[PDB]
Structure formats: structure tokens, C-alpha cells
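Engineer: Let me give you the structure first, and then I'll get to my questions.
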Amino acid sequence: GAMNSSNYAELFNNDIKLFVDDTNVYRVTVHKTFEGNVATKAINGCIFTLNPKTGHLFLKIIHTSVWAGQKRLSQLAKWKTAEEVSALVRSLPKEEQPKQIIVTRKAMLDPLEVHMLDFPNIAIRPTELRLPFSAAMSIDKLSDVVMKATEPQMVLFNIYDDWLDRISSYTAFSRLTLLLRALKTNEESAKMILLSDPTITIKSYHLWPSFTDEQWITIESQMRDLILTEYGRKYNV
Amino acid sequence: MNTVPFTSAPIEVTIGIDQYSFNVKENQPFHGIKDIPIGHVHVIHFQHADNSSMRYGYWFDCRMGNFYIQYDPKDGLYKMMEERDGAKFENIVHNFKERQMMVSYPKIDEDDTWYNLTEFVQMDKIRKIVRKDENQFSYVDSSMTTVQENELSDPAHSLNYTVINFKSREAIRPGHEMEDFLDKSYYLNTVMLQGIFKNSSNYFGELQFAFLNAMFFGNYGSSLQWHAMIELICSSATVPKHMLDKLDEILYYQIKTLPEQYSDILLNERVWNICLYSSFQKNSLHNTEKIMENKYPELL
Ligand SMILES: CC[C@@H](C#N)NC(=O)c1ccccc1
């Protein structure tokens, strides 16, 4: 059924699963036309498909050309996500195919289920979690590859860098979700926190800085502070 | 005009014949139903005074043989049977009519209700949905499950309605996933009409039989089947004009006849609101929408 706080350690067991998030698939800027009407201009997007256990991210870049001449783009975005996830599964060896796919928005359930009719033994699930994966485009290297794409392209990342060498997946996913929650609540503060010290760098093959265990505790504290804070600034508490 | 005699009425029972019904008291001198219109299917049906659960009954066509009812005290229901001795049957019926122990099928001359509810229903198709080939008539009750229900347990006693499933490979062409899921025209016109049903009359006939089972026996799989066949048409952008116009008439008379206090278990809010207000055919059911809004505005 649906994924929630109670069945949360299921994410880190040994049944292959993917989160799919479609928030950033159809992205637009809204602007005024010469005539003073409003119009949208689409910008590149991405499907955020993530193995929460391994950290493996299958970032499918959605080039604006996909949208040309199409109508009802928000609804088509859902079907396009579903088509691309199903092509991804089909590309994978049988022993790598997920046993479950958890979608972060319930509107993706029917689209994915229809595209996956060929995989009756792959469970398509919703979740009750308010996961912050939309903030993925606040990760500079991810944003950079999406905006530079000139054609459809799959880029493969490990969103945990090398963290799993030192922490469990459960701790890795908790860290990720805290970083992304922070980036979503106040991107500027969040990024300030992450880069303040110029002596901590981001390896070329990594997404986040090379913090020590002790430094990650401090960072994690600072992000929690931020998230409680902005919650006050917003609710006045 | 044909006759369904009753051997006797040993138990108190509410007897229905098509959309008419009447109370017979325990061991009341009752010997059947006369003046039944030829040319239509019919359904005789029963609700025991003691046990109002398990309403049951028999679909039949008097052109297909001489049928009578007889109570069985072992199995404890009124059973339909065929009399093969035509002379014995005429004699029995004539005696009972002379003694006036028969109720008359009470059709008002102006009244086309039954015809409109059964226009496309044929006994030969009923018998393929209700498989019991040794009899010319077909038994249905409240509890019988459908073939599709059994996929989600006794196959001999099932309703073999055409399986319809909007999220199935049959319904969805590879590579037309979005197109076929949002516009079911393919599934309606090619798979179902051309492929399975052959023509819209067999389609409407199953649809009407599903409703009647749903209304008369509160059969839940039948109600599901009726709504599914409606939804498949309403969700198809391309439907022959003649089918839409006939659907409007079909549904109109079902809604008109559906008793008011049975509507909340026999009407699916989601399907009706979608069909009437969201679907491709939202503008093509003028009569059905008008009666629904005047009679069941709550559902909408
Ligand atoms: C959902 C209620 C349903 C059931 N079972 N129907 C009847 O009882 C009934 C009886 C006689 C005529 C019409 C309707």
C-alpha cells in the first residue's frame, strides 16, 4: 500500500526499489507577451528516480523539445515520466529491476501502472511522506547538467557520494532528506551553510562537500536550525 | 399471451414478474401468472417472507418451452421447470385459469417500460452468461459472483459477463498507453464491439441484463458490470452517433425505473458524475442527464 512513517525502514531492506519524483519534469517561466498577455516558456527538466538503499540516481533529462506541438503539458508530463521509467526498467537486467516503484505524487500512479502493465510483479505504490525531492535542482551539479542539455539524456549519479562507506543507508537517506528539506525551505541559507568554509571542497565525482564525520554533525545541526527557523519566520513563533 | 403456472405456494413469498410484484401468503391458493407478453424475455423472482436476504429468480422466454414453478421443500426455494408434455401443460393451465387461481401480468397498454428495459436482451445471450445448458431458463440470485470477481470461487454458479478492465493489456495498446487510457475508443470499437460483442446490440443486451440483475437481485458484480459498460462508452471520444442516442434512451429508462431508495447502493457517484459532466460524452446524454438531475440531484 502507501508508504508512510510506520513502514519507513522498508526503504533500506534488500528488495530493490526506486522512488520516482516528477515535480521537475515540466518546468516553465511565466512572462508577459508584447500584447500584455501571459505566456509560458518551458525550460529543461528531469525525472528524479532514486534507489534509496544504494544512492543510485537515474536522472533522466527532459529537453524542452519534448513539449513542441503538444497540448495539456502538465498531464503529458505525467505520461512522459511513466514512459521513461518503464523504458528504464526494461533496459535493466532482470535481477536489477525494482520490485517496487514508489511515486512521490499520487497523480503518477495511473500513468505508471498503465506503462508497467508488462511488469505485473512490480508493485506501484504511493507515499504519505512529504519528501523534498523537488529541491534536487538546488544541487548545483544536477541543475547544471539539466540546463546544459541540448538533447534527451540519461545521467547517472550517486546522490550519497561516498557516505555509505561510513554510514548506513538509513542514515544516508536521513541526511539527504535533511539537506533537501533545508534547500527547499531557504535555499540561500542552506547553500551558505554548505559552502561557508572554503577549505571543504566538493570532489569532482561528488555532489556534496567532503565533510568529516564531525563536520557532518555540525552541518546537520545547522540545517535543523534553519528548518525550525524558517518555520518560525513563516508562522511567527 | 403465455402462462407460468405454479404447482402451489407452500411458503409466504413476495413474487415478482418483471417490474411487478405481489405478496402470496403461506399456502394461499395461488397457481401462477397468466397473460405474459410474448416477444420479450422475462424474469420471475422471489423474496421469502422469512429470509429477505438471497432474493433469486429465473430468466425465461415463453417461446422456448412450457415452464412452471414448483416449490422444493428440500432445497427450500421455488424452482422453475420445463413441462415437455405439451398436452399435460395446456390441460393444467386451462384448469387453473377456469378456477381463476392466476394473477394477470398487469401491463398498461401505453406502457413500453419493459420493452425499453429489455430491448437488446436475448435469451440465447443470457444463457451464455449464466451457464446451465440443461435448462432453457436461467437462475440468478443476490450472491452469485462474476467471472471477473473470481479473478480477484465456484465457476459453475458464476455470471460470465464480458471482462472489462481499463488498466489491462487488452485495453491498452503498446505505445498508445496515454492515448488509449484517456480515449478508450480503441478498446470500445475494435476490441469490444468489433472483436468480442460483434455489434452494439449484443453490447447493449449485456449492459441491460447487468442492470436488471443489479436492480432485481442487488447483485453487486452485475452493478459493477453495468457501470463499467457505461463508463467505457462515455470515455470513448469516437462512438457511432446511433449508439450514443440509443444509450441515452437505455439509461433513461433504467434511471426512471430504478426504485429511489435502492439508488445509493446501485448508483456509482464517480461513474455518473464523470459520464455526465467530465467525459467525452458529457453532452450526448440529454435525456439521461435531465432525469438524473431531477430525480437524484444528491448524487451529483
Ligand atoms: C438493491 C435492492 C434490490 C435487491 N436485492 N431490489 C429489490 O429488492 C427489488 C425487489 C423487487 C423489485 C425491484 C427491486
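Derivation of every value follows stated rules applied to the coordinates shown; laboratory data play no part. Virtual Cβ from ideal backbone geometry, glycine too; neighbours counted across all protein chains shown.
Engineer: Once the Cα gyration tensor of the protein assembly as shown is diagonalised, what are the square roots of 5 times its eigenvalues, in whole Å and ordered largest first, as equivalent ellipsoid semi-axes?
Structural biologist: 65, 25, 21
Engineer: Let me ask something else. Per DSSP H run of at least 4 residues, take -39500 (n - 2.57); add these up for chain B, divide by its residues and hand me the 222 nm value, nearest 500 deg cm²/dmol.
Structural biologist: Taken over chain B, the calculation gives -10000 deg cm²/dmol.
Engineer: In straight Cα distance, which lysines are under 23 Å from B:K107, not counting same-chain residues fewer than 8 positions off?
Structural biologist: Straight-line reach from B:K107, under 23 Å: B:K34, B:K97, B:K256.
Engineer: How many percent of DSSP beta bridges within chain A run antiparallel, rounded to 5?
Structural biologist: Roughly 70 percent of the beta bridges in chain A run antiparallel, per DSSP.
Engineer: For chain A, what is the mean residue ellipticity at 222 nm derived from helices alone (per DSSP H run of n ≥ 4: -39500 (n - 2.57); sum divided by total residues; nearest 500 deg cm²/dmol)?
Structural biologist: -11500 deg cm²/dmol
Engineer: Let me know the longest stretch in chain A that avoids all chymotrypsin sites (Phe, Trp or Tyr not before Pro) found in a DSSP loop with at most 14 other C-beta atoms within 10 Å.
Structural biologist: By the stated rule (loop sites, at most 14 other Cβ atoms within 10 Å), A:35-204.
Engineer: Nearest-5 percent of antiparallel DSSP beta bridges in the protein assembly as shown?
Structural biologist: 80
Engineer: In addition: Under Stokes-Einstein, with the Kirkwood radius over Cα pairs standing in for Rh, what whole-number D in µm²/s applies to chain B at 20 °C and 1.002 mPa s?
Structural biologist: 104
Engineer: Excluding B:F46 itself, calculate the net charge of residues whose Cβ lies under 15 Å from the Cβ of B:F46, where each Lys or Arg counts +1 and each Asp or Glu counts -1.
Structural biologist: Once positives and negatives cancel, what remains is -4.
Engineer: Percent of Cα-Cα pairs per 10 Å bin, from 0 to the last occupied bin, for the range A:22-94, please list those.
Structural biologist: Values per bin, smallest distances first: 17, 43, 25, 10, 4, 0.
Engineer: Give me the net charge for the shell around B:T146: Cβ to Cβ below 15 angstrom, other residues only, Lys and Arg +1, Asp and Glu -1.
Structural biologist: Value of the local net charge: -3.
Engineer: Something else about it: Cα-based Rg (one decimal) and Dmax (whole number) for the range B:115-254, in Å?
Structural biologist: Taking only Cα atoms of the range B:115-254, I get Rg and Dmax of 15.1, 46 Å.
Engineer: Under Stokes-Einstein, with the Kirkwood radius over Cα pairs standing in for Rh, what whole-number D in µm²/s applies to the range B:1-61 at 37 °C and 0.692 mPa s?
Structural biologist: For the chosen part, D equals 271 µm²/s.
Engineer: Something else now. Can you compute the charge dipole magnitude of chain B about its Cα centre, using +1 on each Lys and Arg Cβ and -1 on each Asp and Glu Cβ, nothing else charged? Give it in debye, rounded to the nearest 20.
Structural biologist: The calculation lands at about 400 debye.
Engineer: Between the range A:221-237 and the range B:137-204, what is the separation of their alpha carbon centroids in Å?
Structural biologist: 55
Engineer: Only four residue types carry charge here, +1 at the Cβ of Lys and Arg and -1 at the Cβ of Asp and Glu. Report the dipole size of the range B:242-300 about the Cα centre in Debye, rounded to the nearest 20.
Structural biologist: So the magnitude is around 120 debye.
Engineer: What stretch of chain A, leaving out the sites themselves, is the longest with no GluC sites (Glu not before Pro) in a DSSP loop having at most 15 other Cβ atoms within 10 Å?
Structural biologist: Of all site-free stretches, the longest is A:129-237.
Engineer: Another question about this same structure. Dividing the convex hull volume of the Cα atoms of chain A by its residue count, what figure in Å³ per residue is obtained?
Structural biologist: 166
Engineer: Determine the principal axes of the Cα atoms in the range B:47-173, then give the extent along each, sorted from largest to smallest and rounded to whole angstroms.
Structural biologist: Projected onto its principal axes, the Cα set of the range B:47-173 covers 63, 42, 31 Å.
Engineer: So what are the ³J(HN,Hα) numbers for the range B:181-196, from phi and the Karplus equation (6.51, -1.76, 1.60; θ = phi - 60°), rounded to whole Hz, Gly and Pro as x?
Structural biologist: 7, 8, 10, 6, 4, 4, 4, 5, 7, 7, 5, 7, 5, 6, x, 9
Engineer: Would you be so kind as to identify which of B:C275, B:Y68, A:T177 lies farthest towards the positive end of the dipole of the protein assembly as shown, taking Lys and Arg as +1 and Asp and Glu as -1 on Cβ and the Cα centre as origin?
Structural biologist: Farthest towards the positive pole: A:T177.
Engineer: Step through the residues of the range A:167-180 one at a time and calculate ³J(HN,Hα) from phi using the Karplus curve (6.51 cos²θ - 1.76 cosθ + 1.60, θ = phi - 60°), rounding each to whole Hz and writing x for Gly and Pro.
Structural biologist: Going residue by residue, I get 10, 7, 4, 3, 6, 4, 5, 5, 4, 3, 5, 6, 4, 5 Hz, with x marking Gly and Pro.
Engineer: Among A:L109, A:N186, B:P155, whose Cα lies farthest out toward the positive end of the dipole of the protein assembly as shown, if unit charges sit on the beta carbon of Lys, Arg (+1) and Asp, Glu (-1)?
Structural biologist: Towards the positive end, the residue furthest out is A:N186.
Engineer: Oh, and also: Which whole number in µm²/s is D for the range A:164-237 by Stokes-Einstein, with the Kirkwood Rh taken over Cα pairs at 10 °C and 1.306 mPa s?
Structural biologist: 121
Engineer: Still on this structure: Before anything else, pin down the relative contact order of chain A: Cα pairs under 8 Å, at least 6 apart, normalised by residue count, whole percent.
Structural biologist: Computed value for chain A: 20 percent relative contact order.
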